[PDB]
Amino acid sequence: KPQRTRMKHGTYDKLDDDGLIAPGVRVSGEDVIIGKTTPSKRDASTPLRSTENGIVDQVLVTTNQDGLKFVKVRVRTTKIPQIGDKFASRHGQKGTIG
Amino acid sequence: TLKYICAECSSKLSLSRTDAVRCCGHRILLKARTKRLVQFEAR
Amino acid sequence: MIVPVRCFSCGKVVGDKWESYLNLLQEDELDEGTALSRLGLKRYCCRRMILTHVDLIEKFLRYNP
Amino acid sequence: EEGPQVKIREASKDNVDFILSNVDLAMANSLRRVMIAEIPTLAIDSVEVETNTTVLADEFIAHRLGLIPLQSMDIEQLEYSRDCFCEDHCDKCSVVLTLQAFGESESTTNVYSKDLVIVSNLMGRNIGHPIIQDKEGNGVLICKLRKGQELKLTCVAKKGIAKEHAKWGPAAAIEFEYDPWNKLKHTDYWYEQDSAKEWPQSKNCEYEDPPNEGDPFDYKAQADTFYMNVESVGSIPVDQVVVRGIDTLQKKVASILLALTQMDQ
Amino acid sequence: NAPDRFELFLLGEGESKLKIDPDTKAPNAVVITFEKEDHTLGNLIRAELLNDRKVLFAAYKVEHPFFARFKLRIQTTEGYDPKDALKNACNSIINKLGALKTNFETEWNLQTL
Ligand SMILES: [Zn+2]
Ligand SMILES: [Zn+2]
Ligand SMILES: [Zn+2]
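Chains as they are written, first to last, in the entry's author numbering: chain B, 876 to 880, 884 to 917, 933 to 991; chain L, 26 to 48, 51 to 70; chain J, 1 to 65; chain C, 3 to 267; chain K, 2 to 114.
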């Protein structure tokens, strides 16, 4: 978790100090999902996809066959049928909910 | 508790930046849920 | 994943019917149409709920963790 | 008591099958709509998940909880949380329930609405108790647990209506029919050969005279007799669904009178 | 982008239940905007207005399914205030439901469960 010593707009508020949010945390908008730094410090963190939100589902920490500590954050969202969503019978006509 | 569950063997664990990323000796680790406690609207 | 609580189209409680419907099939050795009528699921909206339910929870439960 | 006549044919703890008569179609309908849409009822409106270790998502479960019908017999005695002068929820306007389950067997563990536990103070209003209707007293299957898996949770039940979310609707379906013989010619029967043959007569053809063929179309006759059947989901006794159906409608119209009254003052 | 669903039944702020406007194109007519109501009151109140003989016009409409409001137009014969017709249509309704509740309650107690 970096703190201005060029970061991104959405808050870094939700990350733990290892740099990662943790399952259960509700994210949205632009929130920093992954907190990454390059050496004072140029900021290289991963924001959440702008048009989204949900809750963090699993976070996995591991390594590639040599070296790299890497990280994968799964984010859950539920999607309720809604005006403009697409639906089709099994006969090749889609439509959306009007 | 602390920080990381383990992919297999389910061992609760915590280390930084000692040791390197391991366990069992499995190299896949999961972050535990926050104690933050989430609210749902049940809608 | 599991029995829905209510029938989508009318809201009958249906999530209390799944174990009995399994029982009606295997141990009373009945067919599905009669099974569902014995459970008072007359409206075909409700029938659809149990008749087409697919109980994948039973597979998810087989994961280790 | 001159006015809308009621009969009755079946009645049980779940269905009341009645004939409405001496009423204009609109009123039979508005009462039909209300019973579906506007009768206040109790239902889980908030889940706080302490630990979930099941194979389901929290909101998946939360969704199901809100669908468990709760005892709503004394709901007028419960306040709308939004009107309650308490900070968020309290005993004046909400019921708090608990769910704790652990799977402590090789065998697979089931979680039912019977496992919910009222933890708030009910002031002796009959309200909040999860509705149970099956032979073994289990109610709804909420979840299923493997050995070692866990679910700990707190829900707040709140007063609401179907309009806001269908989990609040006391009623299952409402069968509605009039003019089983088509005297009034409100419908126009599609056919290949003969509409008479291809269309099955409804139940209610027994309870009415078939028209005699040597006859002018009756042009004054109106929809005044209605064959209804109300099915209660358990959260209120049926007789109530109808009764309170009528009530809420009264409160609604009366409330329009208070507004006309209020634009003199 | 969806509104809160409580907006189908919950008023305001800034909003009152009834707006009465004095029409324009016809003598003695009125147009009432009912807020946070739908076809349940609409069709009802109108249907009853139509049993009034001193009513030469009654009609309602939901202009768009998204918002919960309806417009209701009452024209009446001279010397008869539409606001009073609405009153009377209401009272007339309040009764008939009373009558009905009671009748139903009566028939209920007859039943063997
Ligand atoms: Zn391990
Ligand atoms: Zn159904
Ligand atoms: Zn309160």
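Quick reminder that beta carbons are idealized off the backbone N, C-alpha and C, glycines included.
Contact check, residue i vs residue j, beta carbons under 8 Å
i      : j      : result
C:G171 : J:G11  : yes
C:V119 : C:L99  : yes
L:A32  : L:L64  : no
C:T227 : C:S23  : yes
C:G247 : C:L72  : no
C:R148 : J:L61  : yes
K:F35  : K:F71  : yes
C:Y229 : C:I10  : no
C:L262 : K:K20  : no
C:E81  : C:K161 : yes
C:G105 : C:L44  : no
L:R60  : B:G902 : yes
K:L73  : K:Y61  : yes
C:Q135 : C:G236 : yes
L:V46  : B:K876 : no
K:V32  : K:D24  : yes
L:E68  : C:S83  : no
B:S933 : B:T880 : yes
B:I976 : B:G991 : yes
C:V158 : C:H91  : yes
B:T970 : B:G947 : yes
K:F10  : K:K37  : yes
K:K102 : C:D249 : yes
C:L67  : C:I46  : yes
K:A3   : K:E49  : no
J:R43  : C:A175 : yes
L:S39  : J:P65  : no
Buried/exposed call for residue i, threshold 16 Cβ in 10 Å
i                     : result
B:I911                : buried
K:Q76                 : buried
C:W201                : exposed
B:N957                : exposed
C:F87                 : exposed
B:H887                : exposed
C:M29                 : buried
B:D895                : exposed
C:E194                : exposed
J:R6                  : buried
C:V57                 : buried
C:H65                 : buried
K:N96                 : exposed
C:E208                : exposed
C:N54                 : buried
C:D211                : exposed
C:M125                : exposed
J:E29                 : exposed
residue 80 of chain J : Outside the shown range of chain J, which is 1 to 65, sits residue 80 of chain J, and nothing can be said about it.
K:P83                 : buried
Contact set for residue i: own chain, Cβ-Cβ below 8 Å, skip 5 residues either direction
i      : result
C:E52  : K154, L155 and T156
B:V952 : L898, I899, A900, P901, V964, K965, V966 and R967
C:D85  : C95
C:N184 : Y191
L:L27  : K37, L38, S39 and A59
Cutoff 6 Å; reference residue i; Cβ partners in own chain excluding five residues on either side
i      : result
C:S197 : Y191
C:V25  : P6
C:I70  : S115, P132 and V142
C:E50  : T156
J:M1   : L56 and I57
C:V121 : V98 and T100
K:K55  : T77, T78 and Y81
Rounded Cβ spacing between residue i and residue j (contact assumed at less than 8 Å)
i      : j      : result
C:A223 : C:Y180 : Not quite, the Cβ-Cβ distance comes to about 11 Å (not below 8 Å), so this is no contact.
C:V244 : C:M37  : 7 Å
B:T915 : B:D909 : Incorrect: roughly 17 Å between the Cβ atoms, too far for contact.
C:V255 : K:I94  : 5 Å
J:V14  : J:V3   : 7 Å
K:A100 : K:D53  : Contact doesn't hold; Cβ gap of about 19 Å is too wide.
K:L111 : C:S14  : 14 Å between Cβ atoms; not a contact.
Same chain only: Cβ atoms within 7 Å of residue i, ignoring 5 sequence neighbours per side
i      : result
K:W109 : none
C:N123 : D93
- Query: Fully enclosed by the region 90-152 of chain C, which beta strand (DSSP E) runs are 3 residues long or longer?
  - Reply: List check, beta strand (DSSP E) in window: 96-104, 111-114 and 143-147.
- At 3 residues or longer, and completely inside the region 15-84 of chain K: list those beta strand (DSSP E) runs for me, N to C. Runs of the beta strand (DSSP E) lying entirely within the region 15-84 of chain K and spanning at least 3 residues, in chain order: 19-22, 30-36, 56-62 and 70-77.
- Continuous beta strand (DSSP E) assignments of at least 3 residues falling wholly in the region 33-94 of chain C: The DSSP assignment places 43-54 as complete runs of the beta strand (DSSP E) inside the region 33-94 of chain C, in order along the chain (cut-off: 3 residues).
- Message: Extract the residue ranges of the beta strand (DSSP E) inside the region 166-243 of chain C, only unbroken runs of 3 or more that lie entirely within it.
- Response: 173-177 and 227-234, all fully within the region 166-243 of chain C.
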